[PDB]
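> kindly generate the corresponding structure for this input.
(chains A and B, ligands or ions: 2)
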Protein chains: 2
Amino acid sequence: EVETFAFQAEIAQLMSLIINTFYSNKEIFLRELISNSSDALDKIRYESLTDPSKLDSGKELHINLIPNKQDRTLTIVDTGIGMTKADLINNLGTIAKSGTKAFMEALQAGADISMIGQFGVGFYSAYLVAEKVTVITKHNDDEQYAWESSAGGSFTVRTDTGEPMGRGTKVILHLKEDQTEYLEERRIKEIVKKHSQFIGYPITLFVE
Amino acid sequence: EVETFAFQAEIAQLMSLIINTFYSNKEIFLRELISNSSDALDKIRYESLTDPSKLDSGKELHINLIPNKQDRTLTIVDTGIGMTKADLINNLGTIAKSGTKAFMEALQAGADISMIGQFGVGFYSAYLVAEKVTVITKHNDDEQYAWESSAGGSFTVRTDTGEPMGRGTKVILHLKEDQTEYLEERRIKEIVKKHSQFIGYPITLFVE
Ligand SMILES: Cc1ccc(CNc2cc(Cl)nc(N)n2)cc1
Ligand SMILES: Cc1ccc(CNc2cc(Cl)nc(N)n2)cc1
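Numbers count the residues shown, from 1 in each chain, chains lettered A, B, ... in the order given. Ligands and ions are numbered 1, 2, ... in the order given. The relevant structure is shown in the block below.
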């Protein structure tokens, strides 16, 4: 069921930088994950213009934010294009390599962590607040998969057997013990309002 | 040879807003067109990861900025994914409709013109400085096309017979008489430095 993979060494060191650097403006994680969901939703939307059947796995284009204090998770759910297995294992890592290097150059040169999205690697900002990230995803062409990593240089992929999700991606943030402020309705709302206010898809912030 | 099309009424009114509103910070046009080229280059790059032959029409992934004082044009050239005929005539217009409406709502509500890129319609910022825009583009699946518009509610498309470009998109800005500062090497460099400094593709600013 479970395959284990090594991050390429550059992503590994980016993840450790994110995890070990002292940086108090952690909230930008949420903007990066939302902006990712928006791009994925733009992508399936555009694709559907030439192949309307690509929306057979779900017509609604949206983003949901789901805090769970019991599990201490914040989940970002979209009905975007999703990721194939090849994306999870390979394509996105290839992509992340030059973005990482550029970002890592920019930082030595005085850029700061909040600029991570400009380098195509904003997903890894999840590790500002999350000790473990689980990503469930479903692309029209492929099976539903669960990717997961607590950093430390590796990650897993397995075919997923929880609730079928139709199409999209769900990012589950297992929050660090000191980052539970991001389970709070008021804190989430404050962040979405500040950083994500012009996203062209409804964002629903679920309550508990 | 030449087909003439009407903009949908919402894009028409956006273009007139861009053309008639008093707004002195015109330089952001260049950031929007560069950011467009970057996304198009990300797109062909990603596609090539699963189909390396998509790079048979050119391996180099780059952006060139070409001022021409004699013709009074500034051209932004990329070797990105390019646009099919259906994109030019249809797909991009469909896309632009909700971005426009959202942007136009945001403006009534106090947002300003520089935020146009957040709504997916930054291309039309070209009309801050250009009395006419000509776009030459070539997608792997299709022929080379020339799109063109001086606004006033319509646009043309024709198959293009100038130099074959292999793959990509060239945006030719016929500048308004009072906007020739954007032909100046120093002004362009100043703008790219300010707004476009972390683009992950070489940007070459040609001199005359
Ligand atoms: C480098 C890198 C870029 C992007 C990711 C995650 N990307 C995605 C991809 C999709 Cl289809 N949907 C969402 N929400 N996120 C992971 C790594
Ligand atoms: C709404 C709207 C969005 C985008 C455009 C132009 N888009 C593109 C498309 C491509 Cl493939 N390359 C570049 N450089 N620009 C035109 C209109």
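> residue contacts, residue A:71?
For residue A:71, the contacting residues are residue A:174, by CB atoms under 8 Å, 6 or more residues apart in numbering or on different chains. All C-beta spots, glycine's among them, are computed from the backbone N, C-alpha and C.
> that one in helix, strand or coil?
Assigned by DSSP: H, G, I helix; E, B strand; the rest coil, the conformation of residue A:71 is coil.
> what about residue A:38, neighbour count?
22 (other CB atoms under 10 Å in any protein chain shown).
> can I assume residue A:5 sits in a strand?
Yes - assigned with three-state DSSP, residue A:5 falls within a strand.
> beta partners of it?
Beta-bridge partners of residue A:5, counted by DSSP bridges, are residue A:155.
> show me the contacts for it.
With the criterion set at CB under 8 Å, 6+ apart, residue A:5 makes contact with A:89, A:154-157.
> please identify which pair of the residues you listed lies farthest apart.
A:89 and A:154 (12.3 Å; CB to CB).
> neighbour count: these two, which is higher?
residue A:89 (16 against 13).
> what's the longest helix in chain A?
The single longest helix within chain A, with elements called by DSSP state H, is helix A:28-50.
> got the angle for it vs helix B:28-50?
70 degrees (axes from the mean of the first three to the mean of the last three CA atoms, to 10 degrees).
> from the contact counts, what lies against helix A:28-50?
Under the contact criterion of 3 or more CB pairs under 8 Å, 6 or more residues apart in numbering or on different chains; DSSP states H and E, helix A:28-50 touches strand A:63-68, strand A:73-78, strand A:168-175, helix A:185-195, helix B:92-108.
> hmm, the last one touching chain A?
Yes - applying CB under 8 Å from any CB of the partner chain, one finds helix B:92-108 touching chain A at B:94-95, B:98-99, B:102, B:106.
> angle of that helix against helix A:28-50?
Here helix B:92-108 runs at an angle of 140 degrees relative to helix A:28-50 (the same axes, to 10 degrees).
> from the chain's centroid, how far away is helix B:92-108?
17 Å (CA atoms, centre = their mean, to the nearest Å).
> if you look at that helix, does any of it touch ligand 2?
Yes - looking at helix B:92-108 against ligand 2 by CB under 6 Å from any ligand atom, the contacts come from B:92, B:95-96.
> compare these and tell me which has the most neighbours.
Top of those by neighbour number is residue B:96, holding 21 neighbours under the definition other CB under 10 Å.
> correct me, but that one touches residue B:104?
No - the pair residue B:96 / residue B:104 is not scored as a contact, 11.5 Å apart, by CB atoms under 8 Å.
> between those two, which contacts overlap?
Common contacts of residue B:96 and residue B:104 (CB under 8 Å, 6+ apart): B:10, B:14.
> give the buried residues for stretch A:81-94.
For stretch A:81-94, the neighbour count (16 or more other CB atoms under 10 Å in any protein chain shown) marks A:81-85, A:87-89, A:91-93 as buried.
> an error on my part: the question was meant for stretch A:102-111.
Buried residues in stretch A:102-111, counted by 16+ other CB under 10 Å: A:102-104, A:106-107, A:111.
> which residues does the residue lying closest to residue A:31 once chain neighbours are set aside contact?
Leaving aside its sequence neighbours, residue A:31 sits nearest to residue A:195 (CB to CB, 6 or more residues apart in numbering or on different chains; 3.8 Å). For residue A:195, the contacting residues are A:27-28, A:30-31, A:34, by CB under 8 Å, 6+ apart.
> what's near enough to touch residue A:50?
By CB under 8 Å, 6+ apart, the neighbours of residue A:50 are B:86, B:91.
> roughly how far apart are it and residue B:140?
Computed with CB to CB, to the nearest Å, the distance linking residue A:50 and residue B:140 is 15 Å.
> ok, residue A:134 next?
For residue A:134, the distance to residue B:140 - CB to CB - is 36 Å.
> how about residue A:116?
Counting by CB to CB - residue A:116 and residue B:140 are separated by 31 Å.
> more neighbours: which of the two?
Neighbours per residue, other CB under 10 Å: of residue A:116 and residue B:140, the larger number sits with residue A:116, 25 against 18.
> that one - that's part of a strand, no?
No - under three-state DSSP, residue A:116 falls outside any strand and is assigned helix.
> tell me how far the nearest residue to residue A:123 once chain neighbours are set aside lies from ligand 1.
Computed as CB to CB, 6+ apart, the closest residue to residue A:123 that is not its neighbour in sequence is residue A:36, at 6.2 Å. Relative to ligand 1, residue A:36 is positioned 4 Å away (CB to the nearest ligand atom, to the nearest Å).
> OK, contacts around the closest residue to residue A:200 other than its chain neighbours?
The spatially closest residue to residue A:200, leaving aside those adjacent along the chain, is residue B:102, at 5.6 Å (CB to CB, 6+ apart). The contact partners of residue B:102, by CB under 8 Å, 6+ apart, come to A:198, A:200, B:119.
> for chain B, what are the nearby residues on chain A?
So far as CB under 8 Å from any CB goes, chain A lies against chain B at A:42, A:45-46, A:49-50, A:86, A:90-91, A:94-95, A:98-99, A:102, A:106, A:111, A:115, A:118-120, A:198, A:200.
> and ligand 1, which of the residues you listed reach it?
A:95, A:120.
> rewinding a little: among the contacts of residue B:102, which ones are in strands?
Among those, no member is found in strands (DSSP state E).
> out of those, who's the most crowded?
Result: residue B:119 is most packed of the contacts of residue B:102 (other CB under 10 Å), 22 neighbours.
> that residue against residue B:105, yeah?
No - using CB under 8 Å, residue B:119 makes no contact with residue B:105, being 9.5 Å away.
> can you work out which residues contact both of those two?
In contact with both residue B:119 and residue B:105: no residue, using CB under 8 Å, 6+ apart.
> check which helix or strand covers residue A:157.
strand A:154-159 (DSSP states H and E).
> what does chain A have sitting close to ligand 1?
Residues of chain A lying near ligand 1 (CB under 6 Å from any ligand atom): A:36-37, A:40, A:78, A:80-83, A:92, A:95-96, A:120-121, A:123, A:169.
> one step back: which among the buried residues of stretch A:102-111 gets closest to residue A:6?
Among these, and counting by CB to CB, the member closest to residue A:6 is residue A:104, at 18.7 Å.
> could you count how many residues lie near residue A:160?
Using other CB under 10 Å, the number of residues around residue A:160 comes to 20.
> if I look at it, how far off is ligand 2?
Residue A:160 is 34 Å from ligand 2, by CB to the nearest ligand atom.
> same check, this time on residue A:40
Applying CB to the nearest ligand atom to residue A:40 and ligand 2 gives a distance of 18 Å.
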